[PDB]
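The chain that follows stands alone, in the form deposited in one PDB entry, written as C-alpha coordinates.
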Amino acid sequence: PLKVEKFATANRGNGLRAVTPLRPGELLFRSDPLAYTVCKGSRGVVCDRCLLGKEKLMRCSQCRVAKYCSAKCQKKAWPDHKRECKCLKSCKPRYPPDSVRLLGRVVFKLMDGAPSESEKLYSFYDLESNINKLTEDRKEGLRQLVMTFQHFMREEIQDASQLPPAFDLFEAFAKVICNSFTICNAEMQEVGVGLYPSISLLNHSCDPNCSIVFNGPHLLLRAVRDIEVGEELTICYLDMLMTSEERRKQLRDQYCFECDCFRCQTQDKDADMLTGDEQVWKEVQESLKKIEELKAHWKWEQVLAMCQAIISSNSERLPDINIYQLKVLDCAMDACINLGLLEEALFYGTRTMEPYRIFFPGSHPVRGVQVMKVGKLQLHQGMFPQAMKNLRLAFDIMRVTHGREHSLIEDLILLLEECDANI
(Lines give C-alpha, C1' and ligand atoms only; values in the text may rest on other atoms or scores of the structure.)
Protein backbone atom coordinates (compact mmCIF):
# COMPACT_ATOMS: atom_id res chain seq x y z
CA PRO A 1 0.00 0.00 0.00
CA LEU A 2 1.41 3.35 -1.09
CA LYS A 3 1.82 6.20 1.39
CA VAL A 4 1.63 8.72 -1.48
CA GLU A 5 -0.76 9.44 -4.34
CA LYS A 6 -0.99 11.57 -7.46
CA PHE A 7 -3.42 14.49 -7.43
CA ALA A 8 -4.19 17.59 -9.47
CA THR A 9 -3.03 20.72 -7.68
CA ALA A 10 -4.69 24.13 -7.86
CA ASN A 11 -1.90 25.94 -9.74
CA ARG A 12 1.14 23.60 -10.02
CA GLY A 13 -0.19 20.94 -12.39
CA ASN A 14 -0.03 17.45 -10.94
CA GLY A 15 1.64 16.64 -7.64
CA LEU A 16 2.13 14.14 -4.84
CA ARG A 17 0.35 14.19 -1.48
CA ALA A 18 0.32 12.03 1.63
CA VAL A 19 -2.41 9.43 2.08
CA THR A 20 -1.30 8.72 5.67
CA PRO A 21 0.52 10.76 8.33
CA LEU A 22 4.26 10.83 7.64
CA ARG A 23 7.16 11.23 10.07
CA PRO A 24 10.75 12.39 9.42
CA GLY A 25 12.81 9.59 7.92
CA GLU A 26 9.86 7.56 6.63
CA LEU A 27 10.50 5.91 3.26
CA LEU A 28 7.85 7.09 0.80
CA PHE A 29 8.90 5.63 -2.55
CA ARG A 30 11.71 3.66 -4.20
CA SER A 31 12.48 3.75 -7.91
CA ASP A 32 15.00 2.57 -10.44
CA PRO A 33 15.33 4.85 -13.49
CA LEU A 34 13.26 4.49 -16.60
CA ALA A 35 16.51 5.50 -18.30
CA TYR A 36 19.83 6.87 -17.08
CA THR A 37 23.39 7.45 -18.22
CA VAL A 38 26.72 8.62 -16.84
CA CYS A 39 27.18 12.38 -17.05
CA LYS A 40 29.77 14.08 -19.24
CA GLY A 41 32.47 14.61 -16.61
CA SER A 42 32.27 11.14 -15.05
CA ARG A 43 32.34 9.21 -18.34
CA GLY A 44 35.26 6.80 -18.11
CA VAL A 45 35.55 7.63 -14.40
CA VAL A 46 32.61 5.68 -12.93
CA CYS A 47 30.95 2.48 -14.11
CA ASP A 48 28.24 3.00 -16.72
CA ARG A 49 25.83 0.71 -14.83
CA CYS A 50 26.38 1.02 -11.08
CA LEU A 51 27.90 4.55 -11.22
CA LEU A 52 30.70 3.57 -8.83
CA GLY A 53 34.27 4.75 -9.24
CA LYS A 54 37.30 2.57 -9.94
CA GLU A 55 40.95 3.03 -10.86
CA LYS A 56 40.68 0.63 -13.82
CA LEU A 57 37.50 0.41 -15.89
CA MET A 58 36.95 -2.07 -18.72
CA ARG A 59 35.45 -0.70 -21.92
CA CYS A 60 32.85 -2.11 -24.29
CA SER A 61 34.83 -3.55 -27.18
CA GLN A 62 32.29 -2.60 -29.86
CA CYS A 63 31.83 1.12 -29.12
CA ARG A 64 34.69 1.77 -26.63
CA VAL A 65 32.52 4.50 -25.08
CA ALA A 66 30.69 2.60 -22.34
CA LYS A 67 32.96 1.56 -19.48
CA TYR A 68 32.31 -0.74 -16.55
CA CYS A 69 33.75 -1.70 -13.17
CA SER A 70 33.28 -5.45 -13.66
CA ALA A 71 32.26 -8.17 -16.09
CA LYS A 72 28.98 -8.48 -14.18
CA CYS A 73 28.15 -4.81 -14.75
CA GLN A 74 29.08 -4.92 -18.44
CA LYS A 75 26.97 -8.00 -19.18
CA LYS A 76 23.99 -6.88 -17.09
CA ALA A 77 24.04 -3.49 -18.83
CA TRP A 78 24.15 -5.02 -22.33
CA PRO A 79 20.35 -5.17 -22.97
CA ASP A 80 19.91 -1.44 -22.27
CA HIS A 81 23.18 -0.60 -24.09
CA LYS A 82 22.96 -2.84 -27.17
CA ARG A 83 21.19 -0.34 -29.43
CA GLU A 84 22.97 2.81 -28.25
CA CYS A 85 26.25 0.95 -28.81
CA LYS A 86 25.87 0.99 -32.60
CA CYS A 87 25.02 4.69 -32.46
CA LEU A 88 27.93 5.68 -30.22
CA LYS A 89 30.24 3.69 -32.51
CA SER A 90 29.02 5.04 -35.86
CA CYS A 91 29.18 8.61 -34.48
CA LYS A 92 32.75 8.42 -33.18
CA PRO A 93 34.57 10.49 -32.17
CA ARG A 94 31.53 12.72 -31.58
CA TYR A 95 29.93 12.13 -28.17
CA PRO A 96 26.33 13.38 -27.86
CA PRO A 97 25.02 15.70 -25.15
CA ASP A 98 23.95 13.93 -21.97
CA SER A 99 20.27 14.67 -22.65
CA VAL A 100 20.55 13.12 -26.12
CA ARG A 101 22.08 9.88 -24.84
CA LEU A 102 19.40 9.89 -22.13
CA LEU A 103 16.51 10.27 -24.59
CA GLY A 104 17.96 7.49 -26.75
CA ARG A 105 17.77 5.13 -23.78
CA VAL A 106 14.21 6.33 -23.15
CA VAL A 107 13.16 5.39 -26.69
CA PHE A 108 14.86 1.99 -26.53
CA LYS A 109 13.36 1.24 -23.11
CA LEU A 110 9.90 2.27 -24.31
CA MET A 111 10.21 0.34 -27.58
CA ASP A 112 11.92 -2.87 -26.44
CA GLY A 113 11.38 -3.06 -22.67
CA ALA A 114 8.46 -4.29 -20.61
CA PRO A 115 6.39 -1.62 -18.82
CA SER A 116 8.74 0.04 -16.35
CA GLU A 117 8.14 0.01 -12.61
CA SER A 118 9.43 3.60 -12.58
CA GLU A 119 6.25 4.65 -14.42
CA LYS A 120 3.82 3.27 -11.82
CA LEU A 121 2.36 6.61 -10.70
CA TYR A 122 3.32 8.73 -13.72
CA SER A 123 4.63 7.86 -17.18
CA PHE A 124 7.06 9.58 -19.52
CA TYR A 125 4.06 10.44 -21.69
CA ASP A 126 2.45 12.14 -18.68
CA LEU A 127 5.48 14.32 -17.92
CA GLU A 128 5.13 18.09 -17.95
CA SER A 129 6.64 19.78 -21.00
CA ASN A 130 5.79 23.47 -20.34
CA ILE A 131 5.48 23.89 -24.12
CA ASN A 132 3.23 26.96 -24.00
CA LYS A 133 5.71 28.72 -21.67
CA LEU A 134 8.98 28.09 -23.55
CA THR A 135 10.72 31.17 -24.89
CA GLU A 136 11.78 31.38 -28.52
CA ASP A 137 15.43 30.96 -27.49
CA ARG A 138 14.51 27.77 -25.62
CA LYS A 139 12.56 26.42 -28.60
CA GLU A 140 15.56 27.02 -30.87
CA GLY A 141 17.77 25.11 -28.44
CA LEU A 142 15.31 22.22 -28.41
CA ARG A 143 15.27 22.13 -32.22
CA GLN A 144 19.06 21.76 -32.22
CA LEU A 145 18.70 18.94 -29.68
CA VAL A 146 16.14 17.25 -31.94
CA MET A 147 18.49 17.37 -34.93
CA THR A 148 21.33 16.20 -32.67
CA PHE A 149 19.17 13.23 -31.65
CA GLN A 150 18.32 12.38 -35.26
CA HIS A 151 22.00 12.51 -36.23
CA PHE A 152 23.14 10.37 -33.30
CA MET A 153 20.40 7.72 -33.64
CA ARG A 154 20.25 7.25 -37.44
CA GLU A 155 21.77 3.75 -37.23
CA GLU A 156 18.91 2.50 -35.04
CA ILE A 157 16.05 4.98 -35.64
CA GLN A 158 15.24 5.93 -39.24
CA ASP A 159 11.56 6.93 -39.08
CA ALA A 160 8.61 7.32 -36.72
CA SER A 161 7.87 3.58 -36.93
CA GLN A 162 10.92 3.00 -34.71
CA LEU A 163 9.59 5.58 -32.23
CA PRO A 164 6.67 4.92 -29.85
CA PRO A 165 3.23 5.91 -31.17
CA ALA A 166 2.66 9.68 -31.35
CA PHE A 167 6.18 10.33 -30.04
CA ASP A 168 7.33 13.90 -30.74
CA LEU A 169 11.07 14.45 -30.29
CA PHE A 170 10.61 18.17 -29.62
CA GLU A 171 8.07 17.53 -26.87
CA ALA A 172 10.26 14.71 -25.53
CA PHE A 173 13.27 17.00 -25.06
CA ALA A 174 11.03 19.62 -23.46
CA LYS A 175 10.03 16.94 -20.94
CA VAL A 176 13.70 16.10 -20.34
CA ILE A 177 14.56 19.74 -19.58
CA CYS A 178 12.26 19.95 -16.55
CA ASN A 179 12.19 16.29 -15.47
CA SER A 180 15.86 15.20 -15.49
CA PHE A 181 17.36 14.02 -12.20
CA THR A 182 21.03 14.71 -11.52
CA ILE A 183 22.45 11.55 -9.93
CA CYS A 184 25.10 11.97 -7.23
CA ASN A 185 27.15 9.22 -5.62
CA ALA A 186 27.42 8.57 -1.89
CA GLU A 187 30.10 11.28 -1.58
CA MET A 188 27.76 13.87 -3.19
CA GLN A 189 29.66 13.99 -6.48
CA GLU A 190 27.53 14.25 -9.62
CA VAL A 191 27.97 11.07 -11.66
CA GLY A 192 24.88 10.66 -13.80
CA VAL A 193 21.49 11.80 -15.05
CA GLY A 194 18.23 9.87 -15.19
CA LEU A 195 14.47 10.01 -15.59
CA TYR A 196 12.17 8.87 -12.77
CA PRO A 197 8.65 9.64 -14.00
CA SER A 198 6.80 8.67 -10.80
CA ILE A 199 9.20 10.85 -8.79
CA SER A 200 8.67 13.64 -11.35
CA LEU A 201 5.31 14.28 -9.70
CA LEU A 202 7.04 16.11 -6.83
CA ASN A 203 6.71 19.89 -7.08
CA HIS A 204 9.38 22.28 -5.84
CA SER A 205 9.78 24.14 -2.56
CA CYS A 206 12.68 26.26 -1.34
CA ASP A 207 11.84 24.77 2.09
CA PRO A 208 10.63 21.25 1.34
CA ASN A 209 9.14 18.50 3.48
CA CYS A 210 10.69 15.62 1.50
CA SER A 211 14.11 14.76 0.12
CA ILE A 212 15.62 12.18 -2.21
CA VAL A 213 18.97 10.40 -2.07
CA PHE A 214 20.68 8.25 -4.68
CA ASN A 215 22.28 4.87 -3.96
CA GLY A 216 23.81 4.29 -7.35
CA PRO A 217 21.03 4.81 -9.90
CA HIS A 218 18.46 3.80 -7.26
CA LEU A 219 16.36 6.63 -5.83
CA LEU A 220 15.00 6.81 -2.27
CA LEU A 221 12.29 9.36 -1.42
CA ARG A 222 11.98 10.14 2.29
CA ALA A 223 10.08 12.62 4.42
CA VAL A 224 12.19 15.17 6.31
CA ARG A 225 9.33 16.94 8.12
CA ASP A 226 6.03 15.91 9.65
CA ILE A 227 3.38 15.61 6.93
CA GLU A 228 -0.34 15.14 7.57
CA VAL A 229 -2.95 13.50 5.36
CA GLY A 230 -3.61 15.32 2.10
CA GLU A 231 -0.61 17.63 2.45
CA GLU A 232 1.41 18.03 -0.74
CA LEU A 233 4.89 16.54 -0.79
CA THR A 234 7.68 18.82 -1.98
CA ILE A 235 11.40 18.53 -2.69
CA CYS A 236 13.93 21.26 -3.40
CA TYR A 237 14.97 21.26 -7.06
CA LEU A 238 17.96 23.52 -6.42
CA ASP A 239 21.28 23.70 -4.62
CA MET A 240 20.80 25.23 -1.18
CA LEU A 241 23.72 27.65 -1.69
CA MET A 242 21.81 29.99 -4.00
CA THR A 243 20.28 33.42 -3.61
CA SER A 244 16.60 34.02 -4.32
CA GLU A 245 17.77 35.87 -7.44
CA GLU A 246 19.72 32.80 -8.56
CA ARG A 247 16.77 30.55 -7.71
CA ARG A 248 14.38 32.75 -9.71
CA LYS A 249 16.55 32.53 -12.84
CA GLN A 250 16.92 28.74 -12.82
CA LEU A 251 13.28 28.10 -11.90
CA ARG A 252 12.32 30.39 -14.79
CA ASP A 253 14.83 29.14 -17.36
CA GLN A 254 14.61 25.42 -16.56
CA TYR A 255 11.18 24.85 -14.99
CA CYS A 256 9.07 27.80 -16.29
CA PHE A 257 7.49 28.93 -13.03
CA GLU A 258 7.79 31.73 -10.48
CA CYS A 259 8.16 30.70 -6.84
CA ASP A 260 5.77 32.30 -4.34
CA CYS A 261 7.23 30.69 -1.21
CA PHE A 262 8.05 32.64 1.95
CA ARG A 263 11.81 32.40 1.34
CA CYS A 264 11.63 34.00 -2.11
CA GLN A 265 9.19 36.69 -0.95
CA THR A 266 11.51 37.80 1.87
CA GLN A 267 14.87 37.02 0.20
CA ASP A 268 15.51 34.66 3.10
CA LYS A 269 19.24 34.34 3.95
CA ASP A 270 20.21 36.37 0.85
CA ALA A 271 22.07 39.05 2.81
CA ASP A 272 24.11 36.59 4.88
CA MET A 273 25.00 34.61 1.74
CA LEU A 274 26.56 37.71 0.12
CA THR A 275 28.56 39.12 3.03
CA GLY A 276 32.06 40.36 2.32
CA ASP A 277 33.41 42.62 -0.39
CA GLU A 278 31.27 42.42 -3.53
CA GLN A 279 34.19 42.78 -5.95
CA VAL A 280 35.89 39.81 -4.28
CA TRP A 281 32.99 37.36 -4.38
CA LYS A 282 32.16 38.48 -7.92
CA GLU A 283 35.60 37.21 -8.92
CA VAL A 284 35.32 34.10 -6.75
CA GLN A 285 31.95 33.31 -8.33
CA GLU A 286 33.64 33.75 -11.72
CA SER A 287 36.50 31.37 -10.87
CA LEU A 288 33.98 28.85 -9.51
CA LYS A 289 32.80 28.10 -13.05
CA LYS A 290 36.25 26.77 -13.93
CA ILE A 291 36.66 25.16 -10.49
CA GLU A 292 33.36 23.29 -10.68
CA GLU A 293 34.11 22.37 -14.30
CA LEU A 294 37.42 20.78 -13.27
CA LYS A 295 35.82 18.99 -10.32
CA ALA A 296 33.10 17.59 -12.59
CA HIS A 297 35.98 15.96 -14.49
CA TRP A 298 37.67 14.77 -11.26
CA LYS A 299 40.78 16.93 -11.88
CA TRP A 300 41.47 17.21 -8.16
CA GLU A 301 44.99 18.65 -8.39
CA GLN A 302 43.81 21.55 -10.55
CA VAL A 303 40.78 22.12 -8.31
CA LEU A 304 42.95 22.36 -5.19
CA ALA A 305 45.37 24.77 -6.89
CA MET A 306 42.59 27.18 -7.87
CA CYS A 307 40.95 26.92 -4.44
CA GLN A 308 44.16 27.59 -2.50
CA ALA A 309 44.68 30.78 -4.53
CA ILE A 310 41.33 31.99 -3.15
CA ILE A 311 41.34 30.52 0.37
CA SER A 312 44.92 31.64 1.13
CA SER A 313 45.01 34.63 -1.22
CA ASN A 314 47.33 37.55 -0.62
CA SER A 315 44.50 39.87 -1.66
CA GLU A 316 41.25 40.47 0.22
CA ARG A 317 39.42 37.41 1.54
CA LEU A 318 35.80 36.48 2.18
CA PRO A 319 33.98 35.14 5.25
CA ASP A 320 33.22 31.43 5.17
CA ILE A 321 29.50 32.27 5.33
CA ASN A 322 29.67 33.75 1.82
CA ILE A 323 28.24 31.03 -0.42
CA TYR A 324 30.89 31.34 -3.12
CA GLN A 325 33.66 31.26 -0.52
CA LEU A 326 31.82 28.30 1.02
CA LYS A 327 31.71 26.51 -2.34
CA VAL A 328 35.47 26.97 -2.75
CA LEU A 329 36.02 25.51 0.72
CA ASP A 330 33.86 22.49 -0.15
CA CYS A 331 35.70 21.93 -3.44
CA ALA A 332 39.06 22.25 -1.68
CA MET A 333 37.98 19.78 1.00
CA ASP A 334 36.87 17.17 -1.54
CA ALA A 335 40.08 17.68 -3.54
CA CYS A 336 42.32 17.13 -0.51
CA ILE A 337 40.34 14.01 0.44
CA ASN A 338 40.82 12.49 -3.01
CA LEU A 339 44.49 13.57 -3.00
CA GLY A 340 45.14 12.13 0.46
CA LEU A 341 45.85 15.53 2.06
CA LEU A 342 43.79 14.71 5.12
CA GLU A 343 45.09 17.41 7.47
CA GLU A 344 44.36 20.14 4.92
CA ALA A 345 41.01 18.49 4.12
CA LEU A 346 39.91 18.63 7.76
CA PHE A 347 40.87 22.32 7.94
CA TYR A 348 38.58 23.22 5.04
CA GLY A 349 35.88 20.76 6.07
CA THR A 350 35.60 21.99 9.65
CA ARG A 351 35.29 25.57 8.37
CA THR A 352 32.24 24.61 6.29
CA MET A 353 30.53 23.07 9.33
CA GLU A 354 28.85 26.16 10.81
CA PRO A 355 27.77 27.72 7.46
CA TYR A 356 26.37 24.30 6.49
CA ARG A 357 24.29 24.18 9.68
CA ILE A 358 22.82 27.56 8.73
CA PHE A 359 22.20 26.96 5.02
CA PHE A 360 20.99 23.32 5.27
CA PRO A 361 18.32 23.61 7.98
CA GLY A 362 16.57 20.58 9.39
CA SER A 363 17.55 17.27 7.79
CA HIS A 364 19.38 17.60 4.46
CA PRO A 365 21.45 14.78 2.90
CA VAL A 366 24.16 17.15 1.67
CA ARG A 367 24.93 18.35 5.20
CA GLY A 368 24.70 14.81 6.57
CA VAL A 369 27.35 13.64 4.11
CA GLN A 370 29.48 16.72 4.82
CA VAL A 371 29.37 16.13 8.58
CA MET A 372 30.24 12.48 7.96
CA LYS A 373 33.31 13.43 5.90
CA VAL A 374 34.53 15.76 8.65
CA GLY A 375 33.95 13.13 11.33
CA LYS A 376 35.70 10.50 9.21
CA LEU A 377 38.68 12.83 8.81
CA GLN A 378 38.75 13.52 12.56
CA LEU A 379 38.58 9.78 13.27
CA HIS A 380 41.67 9.14 11.13
CA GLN A 381 43.59 11.81 13.07
CA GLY A 382 42.87 10.31 16.49
CA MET A 383 40.47 13.09 17.53
CA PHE A 384 38.02 10.57 18.94
CA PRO A 385 35.61 12.68 21.07
CA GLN A 386 35.29 15.30 18.32
CA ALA A 387 34.84 12.58 15.69
CA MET A 388 32.05 10.84 17.64
CA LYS A 389 30.18 14.14 18.06
CA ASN A 390 30.12 14.63 14.29
CA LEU A 391 29.56 10.96 13.43
CA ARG A 392 26.54 10.95 15.75
CA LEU A 393 25.34 14.25 14.27
CA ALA A 394 25.79 12.77 10.80
CA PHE A 395 23.73 9.77 11.91
CA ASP A 396 21.03 12.04 13.35
CA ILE A 397 20.71 13.64 9.91
CA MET A 398 21.27 10.60 7.70
CA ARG A 399 18.91 8.29 9.57
CA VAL A 400 16.26 10.71 8.28
CA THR A 401 17.70 11.58 4.86
CA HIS A 402 19.31 8.26 3.87
CA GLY A 403 17.69 5.62 6.08
CA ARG A 404 18.36 1.93 6.52
CA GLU A 405 17.86 1.27 2.79
CA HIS A 406 20.93 3.35 1.85
CA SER A 407 24.28 1.58 2.04
CA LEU A 408 26.11 4.70 3.25
CA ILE A 409 24.22 4.37 6.53
CA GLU A 410 25.92 1.00 7.00
CA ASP A 411 29.30 2.65 6.41
CA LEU A 412 28.45 5.27 9.04
CA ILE A 413 27.49 2.58 11.57
CA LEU A 414 30.93 1.02 11.16
CA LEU A 415 32.54 4.41 11.77
CA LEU A 416 30.34 4.90 14.83
CA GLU A 417 31.27 1.57 16.43
CA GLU A 418 34.99 1.83 15.62
CA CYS A 419 35.23 5.26 17.28
CA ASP A 420 32.92 4.24 20.13
CA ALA A 421 35.18 1.28 20.86
CA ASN A 422 38.07 3.75 20.66
CA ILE A 423 36.40 5.86 23.35
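Definition used throughout: the rigid core is the maximal C-alpha set that superposes within 1.5 Å between two forms. A residue's number is simply how far along the shown sequence it sits, counting from 1.
Beyond what is shown, the protein has a form deposited in another entry; the following relates to that form.
Answer among 138, 317, 83, 299 for the CA shift between the shown form and the other one that reaches 2 Å or more, rigid core superposed
The answer here is 317.
Spell out whether the Cα of residue 404 moves at least 2 Å between the shown form and the other one when the two forms are superposed on their rigid core.
The answer is yes, as the C-alpha of residue 404 shifts between the shown form and the other one by 2 Å or more after core alignment.
Quick one: with a 3 Å or larger change, is the residue 283 to residue 314 CA distance smaller or larger in the other entry? Answer closer or farther.
Closer is correct, given that in the other entry the C-alpha spacing of residue 283 to residue 314 is reduced by at least 3 Å.
Versus the form shown, are the CA atoms of residue 199 and residue 405 closer or farther apart in the other entry, given a shift of 3 angstroms or more?
More distant in the other entry, by 3 Å or more.
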